[PDB]
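Now for the letters of each chain:
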Amino acid sequence: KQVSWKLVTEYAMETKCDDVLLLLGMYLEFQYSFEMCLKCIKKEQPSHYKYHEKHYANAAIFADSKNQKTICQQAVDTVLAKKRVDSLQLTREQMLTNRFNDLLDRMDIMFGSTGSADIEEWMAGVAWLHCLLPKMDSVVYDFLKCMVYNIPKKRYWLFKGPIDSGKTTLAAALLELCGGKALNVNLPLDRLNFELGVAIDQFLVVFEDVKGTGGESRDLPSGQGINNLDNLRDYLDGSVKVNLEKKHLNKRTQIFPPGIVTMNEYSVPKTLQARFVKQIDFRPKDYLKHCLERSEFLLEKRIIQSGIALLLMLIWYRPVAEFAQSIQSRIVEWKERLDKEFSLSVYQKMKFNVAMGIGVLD
Amino acid sequence: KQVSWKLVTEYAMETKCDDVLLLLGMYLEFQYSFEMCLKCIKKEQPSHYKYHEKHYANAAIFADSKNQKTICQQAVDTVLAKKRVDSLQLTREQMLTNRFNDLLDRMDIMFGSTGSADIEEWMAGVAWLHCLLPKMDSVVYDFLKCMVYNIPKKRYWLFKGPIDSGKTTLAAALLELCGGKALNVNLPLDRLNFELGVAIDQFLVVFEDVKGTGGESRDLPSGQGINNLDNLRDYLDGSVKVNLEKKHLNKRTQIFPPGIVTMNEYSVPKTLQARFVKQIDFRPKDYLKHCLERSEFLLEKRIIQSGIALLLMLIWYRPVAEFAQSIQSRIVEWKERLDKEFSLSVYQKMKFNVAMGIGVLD
Amino acid sequence: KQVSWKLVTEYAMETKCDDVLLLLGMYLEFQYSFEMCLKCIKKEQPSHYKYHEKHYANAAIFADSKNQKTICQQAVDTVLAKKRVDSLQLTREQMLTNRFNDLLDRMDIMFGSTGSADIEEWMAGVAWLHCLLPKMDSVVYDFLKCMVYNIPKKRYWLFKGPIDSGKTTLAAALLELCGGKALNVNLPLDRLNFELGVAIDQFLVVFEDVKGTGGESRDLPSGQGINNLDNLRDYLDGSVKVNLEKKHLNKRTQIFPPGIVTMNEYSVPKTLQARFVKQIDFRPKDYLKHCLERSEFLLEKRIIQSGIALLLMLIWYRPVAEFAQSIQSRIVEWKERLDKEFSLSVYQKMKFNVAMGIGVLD
Amino acid sequence: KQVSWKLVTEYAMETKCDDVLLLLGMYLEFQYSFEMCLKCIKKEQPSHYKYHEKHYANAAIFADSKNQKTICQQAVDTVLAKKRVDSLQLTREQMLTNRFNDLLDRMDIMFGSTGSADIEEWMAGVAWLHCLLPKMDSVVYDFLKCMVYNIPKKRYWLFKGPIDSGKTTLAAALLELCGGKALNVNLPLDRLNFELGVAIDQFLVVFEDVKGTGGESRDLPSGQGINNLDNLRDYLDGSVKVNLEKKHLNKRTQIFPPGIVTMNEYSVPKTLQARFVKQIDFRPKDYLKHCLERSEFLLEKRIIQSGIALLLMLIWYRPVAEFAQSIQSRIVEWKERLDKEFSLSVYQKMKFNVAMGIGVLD
Amino acid sequence: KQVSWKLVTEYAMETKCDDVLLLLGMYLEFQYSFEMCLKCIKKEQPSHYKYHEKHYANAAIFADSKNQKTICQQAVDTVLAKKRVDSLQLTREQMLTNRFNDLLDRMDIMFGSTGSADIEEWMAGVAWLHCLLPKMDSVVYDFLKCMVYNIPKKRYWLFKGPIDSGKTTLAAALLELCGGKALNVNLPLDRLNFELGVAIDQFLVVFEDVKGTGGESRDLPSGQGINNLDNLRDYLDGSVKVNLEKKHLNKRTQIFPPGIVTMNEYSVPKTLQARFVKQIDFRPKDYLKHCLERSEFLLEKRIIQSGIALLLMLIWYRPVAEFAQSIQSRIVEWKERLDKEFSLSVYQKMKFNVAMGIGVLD
DNA sequence: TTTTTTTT
Ligand SMILES: Nc1ncnc2c1ncn2[C@@H]1O[C@H](COP(=O)(O)OP(=O)(O)OP(=O)(O)O)[C@@H](O)[C@H]1O
Ligand SMILES: Nc1ncnc2c1ncn2[C@@H]1O[C@H](COP(=O)(O)OP(=O)(O)OP(=O)(O)O)[C@@H](O)[C@H]1O
Ligand SMILES: Nc1ncnc2c1ncn2[C@@H]1O[C@H](COP(=O)(O)OP(=O)(O)OP(=O)(O)O)[C@@H](O)[C@H]1O
Ligand SMILES: Nc1ncnc2c1ncn2[C@@H]1O[C@H](COP(=O)(O)OP(=O)(O)OP(=O)(O)O)[C@@H](O)[C@H]1O
Ligand SMILES: Nc1ncnc2c1ncn2[C@@H]1O[C@H](COP(=O)(O)OP(=O)(O)OP(=O)(O)O)[C@@H](O)[C@H]1O
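- As annotated in the PDB entry, chain A carries the name Large T antigen and comes from Betapolyomavirus macacae.
- The record deposited in the PDB is entitled "Active SV40 LTAg complex with DNA (3D variability component_001, frame_005)".
- Per UniProt, chain A carries the Subcellular location text "Host nucleus".

Structure follows, in C-alpha cells:
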C-alpha cells in the first residue's frame, strides 16, 4: 500500500508547522506503536499525543518511503499558501480574532490539569501591570482598537521615560499579544534599507530605544535614530504604499504597519511630535521595585513579559461585548473560570500588597 | 481520472493571478463541497465565489495530486507569458484602455449591490482634488496624453513645493490610475543598479522626493539625489534603449518609462530643468487644511490617494469624445449614473464648502 | 533483492552522523567481509566494530547501488530532523543530561580495554584544577545549575585577573563541558551585529577578553569591549527575546543564551557590574606554574583544558542524588570504578604534590 | 548487458582520482583494444597501462552509455568520502606514515626501471640542501617530530633572514613534504579574517615574512603582520580552540594548526617572541648561490624546493629505527640503493663542491 | 530507431568543438539531404562539408529527439575531458607539436584549391614582419624554447618601447601561435584576484602595458602593474604552484603559465627586472608605416597580427632539424612548396620594398 | 553555484 500525502498535509495544517525539518521529525516519531508511546503516556507535547494514534498507520508506511522530503515539502507549501491567502484577504479584526484564539488554546493547556502554570501567580502579574500605569486596562484596549482601525496619521504611539521604567516590558507584552517585530533605527543611514525589510507582512512593529542627540548633556548617549525617523515620514503616516527589501530578494510594496516608539528623555523635534497620536510617560516607582524583590517568581517565569498576562487583564477587566463576536463564547467561559478562582477581595488584597511594596501574596 | 491542468490554467488566467502560492491557496479552497461553502454563501470574495462551483470537481482531484506545485508553476507562467506578449504588441493607448477597463470593473463592486463604498463620499473627494490646482482635470488630461505619446526628450513632469503641499498625494493617485512604480534616487551609486531594475516593463515611474544639496539655506537636508539624477540623463530622455537589472537575473533591455519627479525647493541645475517638460508648483493652503480637519473620512478611507478618484474626476469633467473609442460605452453609462445621483448644484455646493474650509458635507 | 534505506537510517541515527560524506564513506567499509576485518579485529573505532557484522549484507547490496548519494542524503536529513525536534522540545536539564551521556560514552572508550588513556594521568588533572580556586567543585556545580535554570538577570558570571591566571583555561573547559561559543566584542559598534549572530541556538556564550578603556595606564591595551557591553543590557538580562543577524540570512528571534565574561583588571561601570550574579578573582600562583612545569604531560595531552576533567571532578566530589536521575546508574558505576582505581591517599598525595609545586606524580 | 558501476568505482579508488573530468577522460581511453593500445605498448603512463586490459570490456559498454557523467560523479564521491573518513579518524602519525609511502612510491618509479630520472641528480640536490644549514637532517627530524606532537605552546619555530636567505625555499619543500599552507598576516586586520579560513583542515601552516607594522623604520616595508601576531596569541600556542572565517561563508572552530613564522629582520615584540620554540636566523651564502649558478640542474628541475629531496636527505642520514614502524623495511630498501651506489666520499665530494661553490658534479 | 549518441560524440571530437550551442547548431545543419546541400556544393566550410554525408542519417533522427541538449552536453564533456587528460600528462613539446599540426592543417586549406588567400600576400606579410626587429625568426626561436623548457625565473620577457611599437602586434601573433590567453595586470588587486582563474590549463599568458608610477613622470597614469608584480614575483618565477579560481568548477592548483609582459616604456624595479630574462625595445619607423599604407591587405586581412605569419616565417628561416621531430616531414613539405614558388630574390625585393616603405607588391 | 550580500 502507499503513503497518503493528504494525511501529512492535514497534520501540517493542524499543527500549523512550516519548517520542513520540524514537520519531518515530528511525523517520524509516530512510526512507533502509540499504544506504548511514552510521550503519549506522559502527555508531554500536544502536537504529539493528540495526533499519534490517528497518524500511526500512515507514519509506518511513510517510514519506508524513498520520497520523504518531497512529501514534506508539498505539505509545508500548503501551510505557506494558506498564510498568503489569509494575509491578502482577512480583515484586521479577523486577524486579531485568530491571534486570540491561538493564545486561548495555549491557556487551555497551560492552566489545564496537565499544565504547569499557577493561575494565581499569573493573576499576581496582572495586579502588578495594572499598577504600572493609571487606567492600564483602558490604555491597552485603546491601543488595540487603534491598531485594528489603522487610521492614517493616527497610527503611532510614543513611550518615554528613564531607563528601568518598564517601557520595554510593556512593549514586549503588547508585541507578544499582537505579533510583530522589533526594529533598530539607530543604524547608519545605509543599512536601514534592510532593517525595514523586517516589517514585511507584519501586524505591528516596535522601534527600540531611539537615541537622540544633545541629551548626552543629561548623560543620554548620542545617536542618529531620531534624525532617521524624522526622515521616515511616509512610513509612519501610513498614507501611501512603500517598497521593502530583503536580502537576495526583489522589493515588495505595501502599507507600512503601525507600531510603537520607545526612548529616554531626548528632546523631540516638533515635526516628529506631530506624528504620534499618544505620548505615554513612564516613571520609576520604588514600591514596584520593593515588591519585585519579594515577588521574584514573576521575573523567574517571565510572567510580566507575557501577552498571556495582558489577555488575562482584558478578560478580567473588560465587558464581554468588546471582544469579537465569535470568541465571546470562549471569553465568557474564561470569565467564569476566573470568577470561580478569585473573589474580588483576593484580587484587591493583592493590589494593596503591591502598593505597599510588600510581596504580592499573603 | 486525472487532474486537468487546462482548467487550472483557465482559473489563473481569469483571476490574472501570478503568485504561485496565492494561486495554489486559492485553488485548494475549492476542494470542499461547493454547496456548503460559507465563503460562497456570504459572497465574501468574487475571486472565490464566482469560480468555486465550476472548479470544484477538478479541485477535488487536484487535492490528491502528488504534483501540485508543478501544475501551478505551469499556470503562472501562462499568465506571465501573456503579459510579455501584450507588453510587446499593444499600443500605449490600448494598454491604458485595458487598465481603465480594470478600474471600471472595480468600481462596479465598490458602488454595486455589495456597494461597500459611498459614491457621495468618493464624489466629495473629487471636489477636494479639483481645488488642489488650477484647471485640475485639464492638467490630468494633458499628463495622460503626454504619457501615451511618450515623446522622447519630452516625457517628464516636475512637482515641487513646501512639505505638506500635496506632492506625493497627487503622484500616488496618478500612479494607481496608470500603474507603475515609485523609486528612490537618494542612494549610494552602487545600489542604483538594482533600484533602477524595478522599472522593468512599467508604464510610469515616480522618483520620490529627490534630495539636492545646499538646501540648508531653506532648512532642507541635503543628499545624493540631484547630483545623481544629473548623471542619468539618457534614462530621462528615453531616446535609446537601456539595460536593466534584477537580483540573480540577466539584464533586460528596453526604453526607460516616462514619469514624474518630486522635490522640495532645492535649486536645480538648469540642465536638468531643461530636461523637464513641465513644472507644477504646489503650495500649502489653509482652507484645505481646515476643510480636511472637518472631513477626515477622506483621509480615513484614503479617498484622496486613490486612482478611482481621478478616474471619477475625468468622467465628470471630460467629453466622451476624449476617451478611447472602445470604453466610450461604459463611460456614457457611468456619466448617466453620476448625473442621476448628483446635480450640478450639489457638486457646486460641495466645492463651495471646501473653499470656505468647512466640512464638505454640510 | 534491494537496499534497505531503513537500515542506513538506523546506522545514521545510532552513530548520530550528519555529514553525507562521512556517512557514505563509513558505510562503504562494511562491504568487505567483517569476518576478516582488520579494523574489527584491532577494535579501533567503535562506530565500525560495533556495527560491521550487523550491517554487512545490506552494505554489500548498497555497493551495487546506482543512486547511493540520494540514500545518504535522506539518512542525513533524518538525523538533522531529530536535532530540530530536540532543540524545540527538550528542557535545558534534559539537554545537559544528553550532553553528559555523550561524554560518559567516550570515557568508557578512553579508559576501557582499548586503554588509549591513563585514568591516573587524568586524575592528576583533576587535582590541579581543584587547586586553581577554592571550593572548585562547588563553584562548578553552582555554575551548571545556574545555566540550567537560566533565571533572568541572574545569568552571567565575571572572571577577572592578570594574564596567565587561568581564566581562559577554565572558560574553555566549561565550554567544552556544556557546548557553546566564544565571542569577541572589542569590535566597532556596527559589526557587533554580525558577531552576535554566532549565538543562534547555542547553550552558552563566552565574551572573551573584553578590553576596557583607560586600563592602559596599567598597560591594559584599551578598546571598545566594555562600552559595547554597557549598551547590550537587554541581551544580558535575558528577560525578553532579541534579534540575531547572520550573513546572507534573515534575522532570527530568541532569548540570548547565558555565559561568562573574562577580562584583565580594567575598571567597570556600576551599570555593567550590577548585571553579574557573581565575580570570581583569578590570581597567578607560583606553585601552579612550577607544578605544570614539572608535570607537562598535562599540557601535552591537553588535559586541564578538557571538560572530561570537569566531569571526573564532579564524580569524585559530589553526591549521586545531585546528578539527574537517569544517569545516576552510570555515575554509580564510575564512582565504583574510580574508588577501586584510587584510594584516597593516592589523591591526597597528588594534591599535596601540587601544593608543593613538584610534579604531581611523585 | 550493462556498465558495471562498481568497476569504475574501483578504478577511481585505485587511481585515487578525485576529478570527474579526469576520471571520464581516462576511462574512455580503455574502449579500444589494449592488445594494440599504443599507450600500453610504449608503457607511457602507469595509471593507464596497469588497468586498460582489466577494464577493457566494461569501458566499451561505458562508451555506449548515456549517463556517463552520472556514473563518474558517484565514483568521485566515493574517493572524497574516503578522504573525509580518514581525515577525521586517524591521528597525525598514521597520516604522516601514509604521506611518506606516497613519496616513497614515487621515488620507486622515478629512479625505477624507466630510468626517467637518476637519483644522482637528486644527490647533488641533497648535498646542496645539507650544506644549506648545519646538521640539516636533524633540524628536519626535530621539526618533523615537533609538528607531529603538536604539543601546546611548543608549536612554532621562527625562520629569520634577509631576502634570498632561502627561508621561503625551505618552507616550500616542507609544505610539499607535509601538506599545508602559507598565510599573509600582513593583510589589513579586518580583511585578514576572511583569509584565515584557508587554515581550515590544514595539517601545517606558515606565516609569510611577518612585517613590522612600523617595520619601514628598518627600511623594510611596513605591514600588519607583527602588529597582528603581537596580539593573536593562542592561535600559535594551540592550547584551546579558536574560530576562523571565509568570504561569503561561515565561521569554523579548530585548534589552529602548528607552523612556521618566517621573517625578514623586522622588530619583534616580546609577546610574539614567546611564541617560538626556535628562532633560527640564517643568511644568503656566496658559495651556495655560486654553486647553483654552476649547479643549475638543481633549479632546472626545481629540486631544492621539492620535499622529495628532503625525504632523500632523511633516508641517507636517519637510522631505519627512526621511521614509522612498518615502512622501516622500505627505509632499508632505499638505504641499500643509496649506500651501494654513492660512497660517502662521493657524497662528501658533492657537499664539498657546494661548500666551494663549484659545480656539484665532476 | 534511435539517435547514436556515439556518432555525435565523434563529431565533437572530430571538430574539437567545445561549446554546446555551437555543436547543436552545427549538427542540425546535416538534417537536410547532403546530396543537394548548397554548403557542400559551395564547399563553404570544411567543418560542414567533410561530414554532412556521413552524419546525414544520424542527424535526421537527432532532429526529432526531445532531449537534444542533453546529447550535446555529454558530447561537449567528452571534448573537455580529452583536454584535461592531455593537460596533465603531455610533455610541453608534444603540446606545441599538436598546436602546429592544427595551424598547418589550416594552411593546407587557405592556400589550397579553396585558395581563399594567397601565400603571395602572406609572404609579403612575412617580409614586413621580418623587418620589425633584427633576425626576427631567430628571436622567436629563443622565445619558443624558453616557453617549452619553462625553466624557473626564465619564464617571462618584457617588450618595451613607445606606442605604435608593434609590441601588441608581436604579442598577438605569439599568443595565436601558442594558443595562450590574455590578462590585464593594472587593476587594484582584489578584482584581479578572481580574474586570474582564467590562467587555468594554458600553455601561455600575456600581460598588456605593465605600467605604474614609472610613467607618471611622463604623466602616463599608474596602472597597478608595477604595484602588483613586485609582490607577485613568484608567479613570474614559476618555482612553485598555487591554487586558482573558477566559477562552478573547483579551484585548481597549478604553477602559473610562463608568459610575456609589455610596456609603453615606463620605469621598472630591478627586483622585477630580474624576472624579464629577456627585455627587448621596439621603436617605429616611417617606412614601415608607408609600407602598410601601400600594402593595406596586410592590415585588412590581419596578416601582420597573425601567428600563421610567424609559422610561415619559421618555416622559411629555420633549419628542418630545429623543429620538433615528428612533424619535420610536413616542415619539409612546406619548405619545398615555398621555394618551389618564391625565388629568394622576389622575397628579398619584397623586404626591400618594405625597408623603402614601398608597397610590397610589384 | 553564484549571487547578492558581504564586504568595505
Ligand atoms: N515603573 C518601574 N519602576 C521601577 N522599576 C521598574 C519599573 N518598570 C520596570 N522596573 C524594573 O526595571 C527592570 C527592567 O524593565 P524594562 O526592561 O521594561 O525597563 P526600560 O526602562 O523600559 O528599559 P530599556 O529602556 O532599557 O528598554 C524590570 O525588570 C524591573 O526590575
Ligand atoms: N496644499 C495643501 N495645503 C494644506 N495641507 C495640505 C496640502 N497638501 C497636502 N496637505 C496635507 O498634508 C498632508 C501631506 O501631503 P503630501 O504628503 O502629499 O505632501 P508633501 O509633504 O508636499 O509631499 P512629499 O512627501 O511627496 O514631499 C496631506 O495628507 C494633507 O493632510
Ligand atoms: N593560577 C595560575 N598560576 C600560574 N600560572 C597559571 C595560572 N593559570 C594559568 N597559568 C598559566 O597561564 C597559561 C595560560 O592560561 P590562561 O589562558 O587560562 O590564562 P588567562 O589569565 O585567561 O590569560 P589571558 O587573559 O592572557 O588569555 C596556562 O597555560 C598556565 O601555563
Ligand atoms: N642561503 C642562500 N644562499 C644563497 N642564495 C640563496 C640562499 N637561499 C636562497 N637563495 C637564493 O634566493 C632565492 C630566493 O629564495 P627564498 O625565496 O627562499 O628566500 P627568502 O630568504 O625566503 O626571501 P624573501 O624574504 O625575499 O621572501 C633562491 O631562489 C636562491 O636563488
Ligand atoms: N616598427 C614599426 N614601425 C612603425 N609603425 C609601427 C611599427 N610597429 C607597429 N607600428 C604601428 O603601430 C600600430 C599599432 O601596433 P601595436 O598595437 O602592436 O602597438 P603597441 O605599441 O603595442 O601599442 P599600444 O601600447 O597602444 O597597445 C600598428 O598597426 C602599426 O601601424
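So that's the structure; there's more coming.
Some thoughts on the relation of the copies chain B and chain A
Item 1. Of the two same-sequence chains, chain B is brought onto chain A (RMSD 0.8 Å, axial shift 2.1 Å) by a rotation of 62°.
Item 2. Comparing contact sets, just 6% of the residues at the interface of chain B also lie at the interface in chain A, consistent with a heterologous contact between different surfaces.

Considering the interface of chain B and chain A
Item 1. Tallying the contact residues gives 34 residues for chain B and 32 residues for chain A.
Item 2. For the chain B and chain A pair, buried surface summed over both sides reaches about 2,700 Å², with 49% attributable to carbon and sulfur atoms.
Item 3. Looking at the side of chain B facing chain A, the largest losses of area belong to B:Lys66, B:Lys247 and B:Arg302, adding up to 23% of the total buried there.
Item 4. At the boundary of chain B and chain A, one finds seven salt bridges.
Item 5. One salt bridge connects B:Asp19 with A:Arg84, and the closest N-O pair in it is separated by 2.7 Å.
Item 6. Our count for the chain B to chain A interface comes out at 16 residue pairs in polar contact.
Item 7. Among the residues forming the side of chain B that touches chain A, the class breakdown is 11 nonpolar, eight polar and 15 charged.

Let's talk about the packing of helix 7 (residues 92-110) of chain D against helix 17 (residues 307-317) of chain D
Residues and elements named next belong to chain D.
Item 1. At a minimum axis distance of 11 Å, the contact between helix 7 and helix 17 shows a crossing angle of 90°. One element, helix 7, and the other, helix 17, form an angle in the roughly perpendicular class. Within the contact between the two elements, helix 7 uses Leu103, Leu104, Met107 and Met110 and helix 17 uses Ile308, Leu311, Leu312 and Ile315.
Item 2. Across the contact of helix 7 with helix 17, the residue classes tally to eight nonpolar, no polar and no charged.

Considerations on the sheet that holds strand 2 (residues 181-183) of chain D
Residues and elements named next belong to chain D.
Item 1. Strand order in this open sheet of five strands is 2-3-6-1-7, and the pairing throughout is parallel. Edge positions in the open sheet fall to strand 2 and strand 7 (276-281), since each of these has one partner strand only. Within the sheet, the average angular offset between the axes of one strand and its neighbour, ignoring direction, is 20°.
Item 2. The strands touched by helix 9 (residues 136-149) within the sheet are strand 1 (156-160), strand 6 (259-263) and strand 7, with strand 1 carrying the most contacts at an inclination of about 140°.

As for the site of ligand 2
Item 1. Taken together, 15 residues sit near ligand 2, with A:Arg233, B:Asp164, B:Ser165, B:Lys167 and B:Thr169 positioned nearest.
Item 2. At the site occupied by ligand 2, nearby residues are drawn from chains A and B.
Item 3. In this structure, B:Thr168 approaches ligand 2 through a main-chain N or O atom, which is 3.1 Å from an oxygen atom.
Item 4. Interatomic distance of 2.6 Å between a side-chain N/O atom of B:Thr169 and an oxygen atom of ligand 2.
Item 5. The fraction of the free accessible surface of ligand 2 (630 Å²) that becomes covered by protein chains is 91%.
Item 6. Those elements that place two or more of their residues in the shell around ligand 2 are helix 10 (167-178) and helix 15 (286-293) of chain B.
Item 7. Take the shell around ligand 2: its biggest share by element is three residues, from helix 10 of chain B.
Item 8. Looking at the shell around ligand 2 residue by residue, the class counts come to five nonpolar, four polar and six charged.

Describing the pairing of strand 3 (residues 204-207) of chain B
Residue and element names in this part refer to chain B.
Item 1. Here strand 3 shows a buried face lined by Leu204 and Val206 and a second buried face lined by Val205 and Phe207.
Item 2. Pairing analysis gives four bridges linking strand 2 (residues 180-183) to strand 3, with the strands arranged parallel. Considered in strand 3, the bridge of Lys181 is made with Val205.
Item 3. In this sheet, strand 6 (residues 259-263) lies alongside strand 3 in parallel orientation, the contact comprising three bridges. Each residue of the ladder has a partner; that of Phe207, found in strand 6, is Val261.

Notes on helix 9 (residues 136-149) of chain E
All names here are of chain E.
Item 1. Under the 1.5 Å per step criterion, the end-to-end length of helix 9 is 20 Å for 14 residues, consistent within 8% with the ideal 20 Å.
Item 2. Along helix 9, the residues classified as buried are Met136, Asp137, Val140, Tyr141, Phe143, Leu144, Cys146, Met147 and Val148.
Item 3. Where the residues of helix 9 are buried, they touch helix 7 (92-110), helix 8 (119-129), strand 1 (156-160), helix 10 (167-178), strand 6 (259-262) and helix 17 (307-317).
Item 4. Positive phi appears at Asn150, one or two residues downstream of helix 9, with a value of about 55°.

What counts and how
Residues numbered from 1 in each chain as written, not as in the entry; some residues may be left out. Chains lettered and ligands numbered in written order. Part of a larger assembly, values for the part shown. Heavy atoms only, no water. UniProt positions renumbered as here; feature names shortened; annotations may be inferred. Least-squares fit on C-alpha atoms. Contact = heavy atoms within 4.5 Å. Buried area = accessible area lost by both parts, 1.4 Å probe. Salt bridge = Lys/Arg side-chain N within 4 Å of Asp/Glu carboxyl O. Polar contact = N/O pair within 3.5 Å; in protein donor to acceptor, adjacent residues only side chain to side chain. Nonpolar A, V, L, I, M, F, W, Y, C, P; charged D, E, K, R; others polar. Axes fitted to C-alpha atoms, helices over the stretch in contact; angles between N-to-C directions. Helix = DSSP H or I, 4+ residues; strand = E, 2+ residues; numbered from the N terminus. Parallel < 35°, antiparallel > 145°, perpendicular 65-115°, else oblique. Pairing = 2+ DSSP bridges. Near = heavy atom within 4 Å. Areas by Shrake-Rupley, 256 points an atom, 1.4 Å probe, with all protein chains shown as cover. Buried < 20%, exposed > 50% of the residue type's maximum accessible area, 1.4 Å probe, protein only. Expected span 1.5 Å × (residues − 1).

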